[PDB]
Amino acid sequence: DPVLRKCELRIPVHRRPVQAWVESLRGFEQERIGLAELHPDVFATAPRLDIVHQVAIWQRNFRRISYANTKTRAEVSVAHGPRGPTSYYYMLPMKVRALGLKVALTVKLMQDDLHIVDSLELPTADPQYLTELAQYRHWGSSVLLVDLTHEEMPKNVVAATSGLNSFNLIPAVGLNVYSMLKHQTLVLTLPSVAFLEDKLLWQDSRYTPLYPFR
Amino acid sequence: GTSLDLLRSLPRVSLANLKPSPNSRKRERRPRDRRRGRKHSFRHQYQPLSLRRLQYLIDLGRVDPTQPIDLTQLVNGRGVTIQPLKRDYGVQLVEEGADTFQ
Amino acid sequence: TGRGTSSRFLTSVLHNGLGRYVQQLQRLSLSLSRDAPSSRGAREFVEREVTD
Amino acid sequence: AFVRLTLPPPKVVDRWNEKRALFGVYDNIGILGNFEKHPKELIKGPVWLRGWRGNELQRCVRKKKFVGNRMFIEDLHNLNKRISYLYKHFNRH
Amino acid sequence: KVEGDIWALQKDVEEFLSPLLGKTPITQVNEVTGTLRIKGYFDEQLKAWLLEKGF
Amino acid sequence: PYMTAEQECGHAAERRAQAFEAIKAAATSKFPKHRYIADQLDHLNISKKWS
RNA sequence: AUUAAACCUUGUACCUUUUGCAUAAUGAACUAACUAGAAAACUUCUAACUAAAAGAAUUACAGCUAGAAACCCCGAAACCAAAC
């Protein structure tokens with residue numbers, strides 16, 4: 045019985061839906077179990093890698109803090154030396170960051186690096202099974218696992234991913250461009266895709282805020 | 009989307025491959041070598095609403111015609127912007143749209 | 002530079018072209034890397050022009 | 032000058048350690064968290080520059096305000112003198 | 112917000128504006144951004160022309 | 052002098068006018084250059100490698 | 001250049017400074033290290049979204065947001081406070 049998914053939001057009439065094979069991690073041979081529809085405005089955006097490049101630079105640089113300091117000639121009991158703690162923090166607009174995330178999603182799907190799954194549940198907690206399954210499906214050396222929420226993530230998956238350096242387990246809210254690029258292939262649960270689509274599709278009619286949305 | 013198809017043909021992207029957009033970043037000069045070596087308040091600040099601006103809101107259904115017009119509702123619909131720091135004191139109307147708002 | 006550099010006279014290896022011309026080059030060695038942008042052109046050369 | 036006569040020992044670095052592997056995670060907290068927490072709120076460091084940036088004079092002036100009462104008397108006097116030089120350089124040259 | 116074959120749009124846009132403008136329009140195509148830049152103001156004619164196409 | 056003043060007048064007027072017209076077209080041809088997706092997409096080939 | 005190190009032929013040390021000139025004038029025993037360009041108000045360029053744009057405090061009859069883009073070093077005679 046195929047698992048058939050349709051986009052909750054209205055897909056444009058002039059744009060055909062994006063589709064991919066639904067997968068399950070329950071068994072080694074459960075590569076394809078259903079067919080899902082993905083919003084073109086989210087999964088068929090133009091591949092603007094400079095935005096992704098900018099986001100990656102922002103990710104590396106907004107956390108950058110340098111603590112180098114030196115004593116100048118006046119402070120001797151260096152003409153141009155490091156002067157105390159210095160930070161490089163800056164903020165990208167939420168529209169750009171959401172767009173950058175949108176662009177990244179398309180690239181992985183088009184490059185066959187994105188694997189949409191119904192759930193992360195695994196028959197066993199052994200880390201060996203996850204690595205073997207990735208080899209079974211010819212996944213990349215690094216596989217990223219995303220779940221809807223951190224609290225409810227299955228215990229069996231936690232043990233497998235926790236012990237694996239190249240396989241990292243993140244919640245839906247923890248998705249970021251750097252992790253996707255660092256990981257060769259991306260594994261997403263079906264609920265997470267809807268969760269991501271809602272926030273990404275929320276950008277529609279982006280009222281300029283005079284106060285926090287909350 | 010033929011661009012998407014080209015991505016599949018193209019090799020898998022990596023962090024190092026990322027490159028800034030052309031002309032996005034200018035060059036800089038540093039002193040490493042000789043190149044940089046050597047050398086009214088009382089008057090109300092009325093914020094008006096144009097009749098043409100009024101017309102589209104009704105026509106677009108931004109403001110319900112049945113409900114009486116409320117300035118707060120316009121702010122709710124982001125029709126007009128009022129800044130307390132600007133100390134806006136009044137609201138007016140603009141002659142524009144006198145011939146287009148029936 | 003001429004004073005500080007060596008020089009020679011015009012000469013032939015063993016009168017190579019008197020009877021029949023013999024190619025002096027005898028051996029070519031090529032080192033390549035499977036995953037290297039530097040060797041990509043050489044790698045492409047191997048596919049197409051090395052055989053010719 | 033003269034150079035080392037011995038080779039340094041080889042060093043191997045793991046690029047997939049948790050810090051590098053999980054670098055950047057939760058950077059989309061605001062967009063994926065309903066904007067309840069701004070990414071600026073995730074900054075940990077000196078108090079006067081958490082979520083804030085400025086020129087050297089602004090950073091020094093903000094540093095004085097944040098920890099002026101908790102700074103040493105000798106440091107405060109030195110900071111006051113240092114601020115004078117920074118103020119004149121930027122605001123008069 | 113141009114989607115599809117930008118070149119096809121440019122050819123039609125060039126053809127449509129050539130009579131009205133009196134010569135081939137001066138235009139710059141930013142394919143990466145999917146936008147078309149045209150010297151001069153011709154929004155009214157283009158907007159009406161777009162309506163004729165059914166957009 | 053072979054040609055009288057009358058002969059000289061107007062013999063090359065047509066060519067001179069045409070030359071300026073070509074000059075005018077070249078002078079007024081300032082405009083930015085187009086940007087293509089292929090350039091950005093082709094950059095990913097820099098990461099191409101052998102299996 | 002040469003068969004050949006020297007012979008034959010050609011050629012008024014270097015930096016700075018004078019003026020686009022020094023047979024002026026300054027400075028150098030040599031080796032190693034050390035030794036001097038730093039800011040964004042506005043504009044162009046690079047993009048996001050658009051009669052709207054910015055993650056509160058901002059501008060707007062195509063604007064608005066983000067990014068990039070900038071301006072040295074050493075050296076007086078002096079002056080004052082508090083100790084000795």
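Protein chains in written order, with full-length UniProt numbering: chain A, 45 to 121, 151 to 287; chain B, 9 to 47, 86 to 148; chain C, 2 to 53; chain D, 32 to 124; chain E, 112 to 166; chain F, 52 to 102. Quick reminder that beta carbons are idealized off the backbone N, C-alpha and C, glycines included.
Asked, Found
"Among A:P282, A:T262, A:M253, A:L263, nearest to residue 66 (chain B) - alpha-carbon criterion", "For chain B, the structure lists 47 followed at once by 86, and that leaves residue 66 (chain B) out of the model."
"Extent of the continuous beta strand (DSSP E) run through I189 (chain A)", "187-190"
"Cβ pair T262 (chain A), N229 (chain A) closer than 8 Å", "no"
"Nearest to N241 (chain A) (by Cα), restricted to the options D:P39, D:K50, D:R35, D:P40", "D:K50"
"Contact with chain C by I97 (chain F), beta-carbon distance below 8 Å", "yes"
"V98 (chain D) to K81 (chain F) span [Cα, whole Å]", "58 Å"
"Closer than 8 Å to chain E by CB, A207 (chain A)", "no"
"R16 (chain B) at chain A interface by Cβ criterion, 8 Å", "yes"
"Min CB distance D36 (chain C) to chain F below 8 Å", "yes"
"CB contact below 8 Å: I74 (chain F) versus chain E", "no"
"Pick from A:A80, A:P46, A:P84 that is closest to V57 (chain A), judged by C-alpha positions", "A:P84"
"Under the three-state DSSP convention, the category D58 (chain D) falls into", "coil"
"Below-8 Å beta-carbon distance, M164 (chain A) vs any chain B residue", "no"
"Local Cβ density within 10 Å of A80 (chain A), reported as buried at 16 or more and exposed below that", "buried"
"CB of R37 (chain B) within 8 Å of CB of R46 (chain B), strictly", "no"
"Whole-Å CB distance - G136 (chain B) paired with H90 (chain B), under 8 Å assumed", "4 Å"
"CB contact below 8 Å: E126 (chain E) versus chain F", "no"
"Cβ neighbour criterion (16 or more within 10 Å) applied to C51 (chain A)", "buried"
"Below-8 Å beta-carbon distance, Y280 (chain A) vs any chain D residue", "no"
"Neighbouring residues, chain F, relative to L217 (chain A) (Cβ below 8 Å)", "Under the 8 Å cutoff, chain F gives no residues; its nearest Cβ is about 20 Å from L217 (chain A)."
"Start and end residues, alpha helix (DSSP H) containing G78 (chain A)", "Unbroken run through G78 (chain A) is the beta strand (DSSP E), 78-82; no alpha helix (DSSP H)."
"Where the stretch 80-96 of chain A meets chain E: residues whose CB sits under 9 Å from a CB there", "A90, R92, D94"
"Segment limits, beta strand (DSSP E) that includes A245 (chain A)", "Careful: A245 (chain A) lies outside any beta strand (DSSP E) and carries neither H nor E."
"Residues that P61 (chain A) bridges to, as DSSP identifies them", "The partner list for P61 (chain A) (beta bridge, DSSP) is empty, contrary to what the question assumes."
"For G136 (chain B), the residue or residues it bridges with in DSSP", "B:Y92"
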